[PDB]
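Side-chain atoms are counted along with the backbone in the values below, which use heavy atoms only and exclude waters and symmetry mates. We name chains A, B, ... by the order of the sequence lines, and we start the count at 1 in each one.
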Amino acid sequence: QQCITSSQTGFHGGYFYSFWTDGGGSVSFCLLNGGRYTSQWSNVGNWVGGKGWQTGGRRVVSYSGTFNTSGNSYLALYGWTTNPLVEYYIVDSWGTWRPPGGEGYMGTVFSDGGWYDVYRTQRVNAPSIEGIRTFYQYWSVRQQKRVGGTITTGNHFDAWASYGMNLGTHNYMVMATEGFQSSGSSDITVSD
Amino acid sequence: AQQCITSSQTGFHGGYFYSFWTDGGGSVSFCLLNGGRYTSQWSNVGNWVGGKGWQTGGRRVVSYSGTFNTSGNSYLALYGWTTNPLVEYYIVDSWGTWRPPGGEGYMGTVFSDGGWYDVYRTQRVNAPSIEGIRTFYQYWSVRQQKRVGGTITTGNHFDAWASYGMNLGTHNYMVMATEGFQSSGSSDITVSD
Amino acid sequence: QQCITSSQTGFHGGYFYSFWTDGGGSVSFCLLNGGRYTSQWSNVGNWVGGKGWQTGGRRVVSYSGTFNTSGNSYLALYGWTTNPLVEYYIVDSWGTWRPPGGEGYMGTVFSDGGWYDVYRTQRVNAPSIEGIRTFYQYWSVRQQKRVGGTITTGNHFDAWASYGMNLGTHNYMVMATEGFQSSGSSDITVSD
């Protein structure tokens with residue numbers, strides 16, 4: 001199995017992957033050698049996915065490749081925790097909109113040669129690795145767009161905890177591409 | 001349990017870590033009081049530094065309140081060490097007749113807890129340290145205007161330092177400290193998270 | 001009767017008075033003959049006021065009357081100095097909380113037939129006679145409650161100095177009632 005179009009998770013090239021779309025528009029998601037994946041999307045509704053780890057946590061994430069979009073998309077390390085349920089994002093780059101639009105500004109953190117702005121925002125009755133639930137989103141968003149480098153998750157998690165943003169048991173953690181009502185392409189290789 | 005002490009030591013008192021150090025020059029009294037509270041008095045001292053806080057430093061919102069007076073060269077600063085590498089670090093809120101570290105090694109600024117601080121890096125050559133005689137960097141945040149009392153958000157300082165290429169090792173101790181060099185004065189300091 | 005509800009200062013009965021509330025809940029402050037005032041508060045945020053002297057200092061203050069609260073209020077000689085800025089209290093009685101909750105104990109002093117415990121505490125960016133400022137508070141608090149007696153201010157000032165608690169140029173000094181998220185009433189007559 002190589003290119004796919006329906007929400008799923010699994011293992012490929014020695015890495016975990018997760019891919020989700022609300023089915024709106026079209027997105028193709030390709031599983032290539034090792035930590036590599038490519039993505040292409042057109043007038044998509046909402047989608048997010050990449051390669052990484054079934055169990056998240058403190059890790060030096062190295063990633064490389066390309067990311068392009070005529071609209072609202074981002075490139076982020078992306079993960080979940082349970083107990084409590086958190087959806088989190090370390091956004092290295094974006095398109096026409098810098099997430100999460102400045103809402104829930106908490107402060108700053110400096111990691112992997114760059115400044116990130118820290119935000120908390122909320123989802124009420126939204127899809128989640130545990131169903132329709134209400135949960136917090138934790139954001140680090142680089143101040144300048146970058147595509148390629150290391151992401152020391154630990155620094156983000158320590159910063160978040162210092163701002164009162166506590167994480168549960170780690171679910172998956174992937175170097176993700178994301179689309180909202182947009183078009184673009186991505187070609188990303190993850191490793192330790 | 002001891003209350004006032006005059007010889008270098010470390011320990012736990014009032015549910016807090018404390019560190020107290022003096023080279024033995026002149027006179028310094030360091031008094032362990034309830035909870036996060038310590039007092040100090042020094043007269044014509046050589047060099048001393050101590051306070052209450054935590055055996056392991058890290059990103060923390062440090063609340064302190066109290067008094068600090070000197071006729072000489074003394075300061076009031078969140079104080080700690082990392083190993084691997086070896087770093088002595090200061091977040092100086094107040095000082096006496098000498099604003100440390102005397103302009104040496106300016107890197108930039110950082111705004112934290114309602115105040116501007118200047119950032120500096122300096123070096124100590126075969127000097128006393130938590131790993132004996134060693135060579136190591138000192139990292140500084142120094143408030144532009146003297147404050148005694150308030151909160152030190154250490155993350156803002158640790159972030160700003162790393163952005164100026166000043167990288168911390170593994171956290172050793174972190175205390176709300178009083179320091180005196182060839183000086184006299186007193187302090188009364190209560191620390192909390 | 002001249003009763004007021006809005007923060008202010010002036011002269012009445014040949015005494016200075018001060019009255020301040022943050023405006024939370026209800027407080028009536030009534031200026032009566034000579035050194036007498038009454039107060040009445042319900043579900044108040046924070047208020048303090050009484051009669052006394054526009055210029056504090058070494059004085060034998062005598063006061064008589066009543067003081068009742070269902071919560072956290074007190075009865076104290078109350079003043080300010082500038083250069084440095086200090087807010088100070090000689091507390092004879094309180095309701096449910098003995099101020100200042102043990103914080104910053106310095107020692108003791110015997111004045112006017114009673115032991116007081118001496119405390120120094122600090123207010124960082126807080127309401128004061130100069131505006132939002134950082135300043136120290138000096139406390140003498142009676143070991144046993146008393147409503148009515150003499151307060152020899154010099155005995156307190158001399159003990160504070162002995163503990164390194166130094167006073168500025170005297171602003172006002174009044175025999176005050178203070179409420180904090182409380183209800184209660186006072187009737188106090190001040191003299192030399």
So which residues of residues 101-116 of chain C are in contact with chain B at a heavy-atom cut-off of under 4.5 Å?
-> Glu103(C), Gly104(C), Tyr105(C), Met106(C)
Filtered by a 4.5 Å non-hydrogen cutoff, the part of residues 59-94 of chain C contacting chain B is none
Considering all heavy atoms of both residues, which atom of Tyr37(C) and which atom of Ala176(C) are nearest to each other, and what is their separation?
-> OH-C, 3.3 Å
Which donor-acceptor pairs under 3.5 Å do the side chains of residues 22-32 of chain C make with protein atoms, sequence neighbours left out?
residue: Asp22(C); atom: OD1; partner: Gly24(C); partner atom: N; Å: 3.0
residue: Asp22(C); atom: OD1; partner: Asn46(C); partner atom: N; Å: 3.3
residue: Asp22(C); atom: OD2; partner: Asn46(C); partner atom: N; Å: 3.2

Check the pair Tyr139(B), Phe158(B) against side-chain contact (heavy atoms from CB on, under 4.5 Å), reporting the backbone distance first and the verdict last.
-> CA-CA 9 Å; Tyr139(B) 300 168; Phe158(B) 296 172; over 6 Å; no
Check: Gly96(B) main-chain N/O paired with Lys146(B) side-chain donor or acceptor under 3.5 Å | yes
Please determine, by modelled atom types, if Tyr173(B) and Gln55(B) share a side-chain donor-acceptor pair under 3.5 angstrom.
-> no
With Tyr17(C), which residues qualify under ring-ring contact (aromatic ring centres under 6.0 Å, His included), at least two apart?
-> none
Which pair of heavy atoms, one from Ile133(B) and one from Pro128(B), lies closest together, and at what distance?
-> CD1-N, 4.4 Å
Can you tell me how far CZ of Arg143(B) sits from CZ of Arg99(B), rounded to the nearest 0.5 angstrom?
-> 10.5 Å
side-chain contact (heavy atoms from CB on, under 4.5 Å) between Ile151(C) and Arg146(C), worked out = CA-CA 11 Å; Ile151(C) 300 185; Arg146(C) 167 184 91 162; 3.6 Å; yes
Should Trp47(C) and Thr177(C) be marked as a side-chain hydrogen bond (donor to acceptor under 3.5 Å, both in side chains) after you check the CA-CA gap, both sets of side-chain angles, and the distance that decides it?
-> CA-CA 8 Å; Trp47(C) 88 275; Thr177(C) 317; over 6 Å; no
Select, from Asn34(B), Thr190(B), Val148(B), the one with the greatest count of heavy-atom pairs under 4.5 Å involving chain C.
-> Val148(B)
